[PDB]
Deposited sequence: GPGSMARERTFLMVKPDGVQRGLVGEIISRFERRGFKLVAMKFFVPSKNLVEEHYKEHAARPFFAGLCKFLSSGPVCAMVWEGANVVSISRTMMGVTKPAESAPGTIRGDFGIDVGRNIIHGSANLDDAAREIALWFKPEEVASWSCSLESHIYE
């Protein structure tokens, strides 16, 4: 229940605006252990796997709601979000979407 893991990815707009570090810091500060990371349509992305108790739903709270017009200040989208097109970041919706998203993006050796 603390071996729990989610997929996170800095969308091209996050990368282009210089927000990769800021996003990582946010998770480091909550205590989540980073487990894997790669820097792969239009723009490069930063795919990450993070681990900790409740990381899946907590990190969704941390991101804020899909529509940054409504996203709470303190959240990533609440602090940095533009519009819904350029919403900076993706994080797995639930435990099933996490397991599938992780495996899609990584070889299993790549993950701790």
{"query": "Deposited-sequence ranges lacking C-alpha coordinates, in sequence order", "finding": "1 to 4, 45 to 71, 144 to 155"}
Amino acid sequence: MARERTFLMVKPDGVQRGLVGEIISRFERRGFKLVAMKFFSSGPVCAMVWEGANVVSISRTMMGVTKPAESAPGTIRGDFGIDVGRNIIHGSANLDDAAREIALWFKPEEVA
From here on, numbers count along this sequence of modelled residues.
| property | result |
| --- | --- |
| Selected stretch [higher average CA B-factor]: 6 to 14 or 84 to 92 | 84 to 92 |
| Of 61 to 69 and 22 to 30, the one with larger mean CA B-factor | 61 to 69 |
| Third of the chain's Cα B-factor distribution that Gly78 belongs to, per the entry | lowest |
